[PDB]
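In: fold the following, please.
(chains A, B, C and D, ligands or ions: 5)
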Number of protein chains: 4
Amino acid sequence: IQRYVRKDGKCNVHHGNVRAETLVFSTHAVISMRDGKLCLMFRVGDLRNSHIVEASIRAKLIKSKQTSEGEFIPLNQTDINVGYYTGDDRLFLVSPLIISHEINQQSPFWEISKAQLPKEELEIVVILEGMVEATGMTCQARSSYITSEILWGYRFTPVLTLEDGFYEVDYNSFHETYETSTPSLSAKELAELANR
Amino acid sequence: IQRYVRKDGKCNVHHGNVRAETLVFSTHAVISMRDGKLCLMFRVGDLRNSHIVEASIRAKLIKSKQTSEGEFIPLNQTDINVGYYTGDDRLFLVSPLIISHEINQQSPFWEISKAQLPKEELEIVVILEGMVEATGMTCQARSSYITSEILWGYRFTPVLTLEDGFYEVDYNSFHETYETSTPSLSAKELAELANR
Amino acid sequence: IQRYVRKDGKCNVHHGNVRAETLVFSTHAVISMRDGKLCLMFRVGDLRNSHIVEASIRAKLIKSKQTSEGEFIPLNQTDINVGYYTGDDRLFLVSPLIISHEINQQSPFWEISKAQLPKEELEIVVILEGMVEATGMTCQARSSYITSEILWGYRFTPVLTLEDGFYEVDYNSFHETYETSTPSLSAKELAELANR
Amino acid sequence: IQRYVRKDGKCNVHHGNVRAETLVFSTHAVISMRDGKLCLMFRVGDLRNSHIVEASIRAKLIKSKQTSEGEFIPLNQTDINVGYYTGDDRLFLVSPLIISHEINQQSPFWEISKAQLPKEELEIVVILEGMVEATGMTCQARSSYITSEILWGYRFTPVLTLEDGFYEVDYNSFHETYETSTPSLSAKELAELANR
Ligand SMILES: [Gd]
Ligand SMILES: [Gd]
Ligand SMILES: [Gd]
Ligand SMILES: [Gd]
Ligand SMILES: [Gd]
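Out: Numbers count the residues shown, from 1 in each chain, chains lettered A, B, ... in the order given. Ligands and ions are numbered 1, 2, ... in the order given. Structure as follows:
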């Protein structure tokens, strides 16, 4: 068994690194099943030459909306769940990670089907915040997913592989995704059906 | 569909900005319905020339009170819910936002009607805390709503409008509110009645 | 109605202040009823000449203990609830505040009566943490309550009074407490009895 | 009764200290019962010559996994519960502490027996984060537990002892553990059996 993090705390990634380089978000988000739950996923990249401490991910849905009392909220924001309640939004960023929001009754995608997706006018903002170990200062990195950039029925290609006692990242496959067999029913629709 | 935040993370607000200017709270709070829930709302302004990171909103009710055992607490504080449990108090401040506290069984306004409001002796303190991206240092901004400054049955005028691929803020309408048809029963009273 | 915090965010306490002075904890803790709940309370002082931002209170019970499998833990620590779940541990420190932990089924005092208190070998550590507005740096202040310093059946004297449009703190009464009629049954005992 | 923390806030540990020295994690983790619950425990060391403020512990399970839809996640991360929900991950680090994760239905060890443990291919990453009082800057310390370093049926030797009004740490016993009678059934298996 080859360790990921060594006893002294030094990780075993990017052979020979030094732990202004920018953090990266995959250009596309994917929707697909993970153990019977439909999921939205995007990938967040590491910083090749330093750790990010007290590092956390959060996501906002920007969507103009009308309240049942006729109040129109242009570009209304609402939180997307990405591990807040279990501390799974508290990231150990030492190689690109796939973040995952389970599309459940409380998720803003609960009733969005495959066909219905392209019709929607919405934007997912992805926001990484941490303190850069080296610099000492608190960072923030942002990016955005519009409808047309969320791919229904795909999965992220794996970028991690074990080479020579070290773990190495194929950063060419970072943004890379493949298709997978995935129902086109909305999570609600899937749940309704499973419930009989 | 015009993006709000671009792929690189730069937002599309305040054409040609630079991302000591003060943050702003609307001078008035409003109470009115949002999808069947009575709500207290105040508006919190952005910082025209920098982001605020790890930015969060919280609110305190200052109200002198007597305990059933005759203990009098002058200016007692208690937390007003403004998205703490869902991370919706964790703000993405890139244009003035309306903050909203749903007046429910756990809210200090649960039993306050319209008529009963002006009678009350209370103060809502609004407290924004974040780290200013540029400066590096942690900010705090405060303001206050006394009874006479909470307007029953109003809504905030919209300040956001899409001009020339950019989003622009009509800051003249910032503090601006209009009236809307809103029941004058207390949330409790509304709930009691709906529950038959 | 005289405001506590003004529109611009400046508070109306300590007429003519400047917003290394030390933060203070009352020398004694008290136990007594607040609306039918038995409560432990200690008082935490403000900083006469600056705000504390992102300010929070937490408390630890230090108590040596034996596990049912005969494992002895000298000075075991366990968290005392002082508003963590509702954000009421997130303090707006602009004048001495009484902190309050409701002694419930989950509290380490649940079964401790008045008579039984002096018998106990325990210590409450009180820990204030915030960033000092002026200095820029994160502070921590600590203090400690041993058995003999928790007073059963007392309440904290009020220190707040309204003088000349300003609110003024009688710091002589800070540590001051008076007695009040308070049952000597343990919270459990009180609950058992009330439950018939 | 000898105090642990004095009225002024100065602790009574490491007689005559000064409050780049490294923080320490015990080289081994142990699994054993604590009041009827099976538990994983590792020990986290203090910093002999300074406090760590806003100090917190978190743990990640690194484990390559396959989703029921055949998606393979190399080195998947998932949060181990170590007091997040009760604020018990918010540490008062003034002498080595034993951290403890109760192996319950939500824990990744729920179904892992004693025999089954050595078969498993998994790694627990332990991550301490706090601000170093003196330095002013935010620290992070890491270490790692692979299968072969988690000891089933052991307990950590005590390192705390009261010498001359001061508390002293036998740092030789830090990594020291002894065996204890401990069932070899998995937590699930223990729970199933207890439930009849
Ligand atoms: Gd912080
Ligand atoms: Gd490829
Ligand atoms: Gd207007
Ligand atoms: Gd007095
Ligand atoms: Gd020994």
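
In: and the closest residue in space to residue A:18 that isn't next to it in sequence, which of the three is it?
Out: Once flanking residues are discounted, residue A:18 sits nearest to residue A:49: 4.8 Å by CB to CB, 6 or more residues apart in numbering or on different chains. C-beta: built from backbone N, CA, C; applies to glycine. Residue A:49 falls in the coil class when you classify it by DSSP: H, G, I helix; E, B strand; the rest coil.

In: quick one: residues contacting residue A:49.
Out: Residue A:49 makes contacts with A:17, A:18, A:19, A:21, A:134, as judged by CB atoms under 8 Å, 6 or more residues apart in numbering or on different chains.

In: hmm, 7 Å instead?
Out: A:17, A:18, A:19, A:21 (CB atoms under 7 Å, 6 or more residues apart in numbering or on different chains).

In: between these, which sits nearest chain D?
Out: residue A:19 (11.1 Å; CB to the nearest CB).

In: which ones are touching the closest one?
Out: When contacts are counted by CB under 7 Å, 6+ apart, residue A:19 touches A:49, A:50, A:51.

In: how about residue A:58?
Out: Contacts for residue A:58 were tallied using CB under 7 Å, 6+ apart; they are A:82, A:89, A:127, B:87, B:90.

In: give me the distance between residue A:137 and residue C:179.
Out: 52 Å (CB to CB, to the nearest Å).

In: what of residue A:53?
Out: From residue A:53 to residue C:179 the distance is 49 Å (CB to CB).

In: of those two, who's got more company?
Out: Neighbours per residue, other CB atoms under 10 Å in any protein chain shown: of residue A:53 and residue C:179, the larger number sits with residue A:53, 17 against 12.

In: just confirm the more buried one contacts residue A:131, I think it does.
Out: Yes: between residue A:53 and residue A:131 there is a contact at 4.8 Å, judged by CB atoms under 7 Å.

In: any residues in contact with both of these two?
Out: residue D:138.

In: report the buried residues of stretch A:147-167.
Out: A:150, A:151, A:152, A:154, A:155, A:156, A:158, A:159, A:160, A:167 (16 or more other CB atoms under 10 Å in any protein chain shown).

In: skipping adjacent residues, who's closest to the third one in space?
Out: Nearest non-adjacent residue to residue A:152, counting by CB to CB, 6+ apart: residue A:114, 4.6 Å away.

In: and the helices in chain A?
Out: Assigned by DSSP state H, the helices in chain A fall at A:187-194.

In: what residues does it have near chain B?
Out: Residues of chain A lying close to chain B by CB under 7 Å from any CB of the partner chain are A:58, A:60, A:62, A:67-69, A:71, A:74-75, A:77-79, A:84, A:121, A:123, A:125, A:127, A:129, A:137-138, A:140-144, A:146-147.

In: is stretch A:84-97 positioned near chain D?
Out: Yes: contact between stretch A:84-97 and chain D, assessed by CB under 7 Å from any CB, occurs at A:86, A:87, A:88, A:90, A:92.

In: which of those residues are buried, as a ChimeraX select command?
Out: Only the buried entries of the residues of stretch A:84-97 next to chain D go into this ChimeraX selection, using 16+ other CB under 10 Å:
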select /A:87,88,90,92
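
In: and residue A:34, how many neighbours?
Out: Counted with other CB under 10 Å, residues neighbouring residue A:34 total 17.

In: shouldn't it be in contact with residue D:66?
Out: No: contact criterion CB under 7 Å: residue A:34 and residue D:66 do not qualify, at 10.7 Å.

In: need the overlap of contacts for those two.
Out: When CB under 7 Å, 6+ apart defines a contact, no residue borders residue A:34 and residue D:66 alike.

In: between strand D:52-66 and the longest strand belonging to chain A, find me the angle.
Out: Criterion DSSP state E: the longest strand present in chain A is strand A:52-66. Here strand A:52-66 points in a direction 70 degrees away from that of strand D:52-66 (axes from the mean of the first three to the mean of the last three CA atoms, to 10 degrees).

In: in contact with residue A:146, which residues?
Out: A:123, B:1, B:3.

In: please name the nearest non-neighbouring residue to the first one.
Out: Nearest in space to residue A:123, with sequence neighbours left out and distances taken as CB to CB, 6+ apart, is residue A:62 at 4.3 Å.

In: who does the one you found form a beta bridge with?
Out: Per DSSP bridges, the residues bridged to residue A:62 are residue A:77, residue A:123.

In: same question, residue A:99
Out: In beta-bridge terms (that is, DSSP bridges), residue A:99 pairs with residue A:42.

In: and it, how many neighbours does it have?
Out: 23.

In: how about residue A:26?
Out: Residue A:26: 23 neighbours (other CB under 10 Å).

In: go ahead and confirm residue A:189 touches residue A:114.
Out: No: if you go by CB under 7 Å, residue A:189 and residue A:114 don't touch, sitting 10.1 Å apart.

In: more crowded one of the two?
Out: residue A:189 (17 against 14).

In: could you report the distance from the more buried one to residue A:115?
Out: Separation of residue A:189 from residue A:115 (CB to CB) stands at 11 Å.

In: what does residue A:14 give?
Out: Going from residue A:14 to residue A:115 by CB to CB gives 42 Å.

In: what about these two, which has more around it?
Out: Legend: neighbour count by other CB under 10 Å for residue A:14 and residue A:115, higher for residue A:14 (17 against 11).

In: what's the closest non-adjacent residue to that one?
Out: Closest residue in space to residue A:14, ignoring its immediate chain neighbours: residue A:48 at 6.1 Å, by CB to CB, 6+ apart.

In: residues touching the one you found, list them.
Out: A:14, A:17, A:21.

In: what about the residue in chain A that chain D sits nearest to, how many neighbours?
Out: Relative to chain D, the nearest point of chain A is residue A:9 (3.6 Å; CB to the nearest CB). By other CB under 10 Å, the residues close to residue A:9 number 19.

In: with adjacent residues omitted, what lies nearest to it?
Out: The shortest distance from residue A:9 to any non-neighbouring residue, by CB to CB, 6+ apart, is to residue D:142 (3.6 Å).

In: please name the bridge partners of that neighbour.
Out: residue D:127.

In: give me the neighbour count for it.
Out: Residues lying near residue D:142 (other CB under 10 Å) number 22.

In: quick check: it vs residue A:172, distance?
Out: 28 Å.

In: swap in residue A:112?
Out: 31 Å.

In: up against chain D, what does chain A have?
Out: Checking chain A against chain D by CB under 7 Å from any CB, the hits are A:1, A:3-7, A:9, A:33-36, A:51, A:53-54, A:86-88, A:90, A:92, A:131, A:133, A:136, A:155, A:158, A:160.

In: one more pass at 6 Å, please.
Out: Contacts of chain A with chain D, taken as CB under 6 Å from any CB of the partner chain, map to A:1, A:4-5, A:9, A:33-35, A:53-54, A:86-88, A:92, A:131, A:136, A:155, A:158, A:160.

In: show me where chain A has its strands.
Out: A:29-34, A:37-44, A:52-66, A:72-80, A:97-102, A:123-132, A:138-146, A:150-152, A:154-156, A:160-163, A:166-169, A:177-179.

In: tell me which of those strands sits nearest to residue B:41.
Out: When those are compared by CB to CB, strand A:72-80 sits nearest residue B:41, at 10.9 Å.
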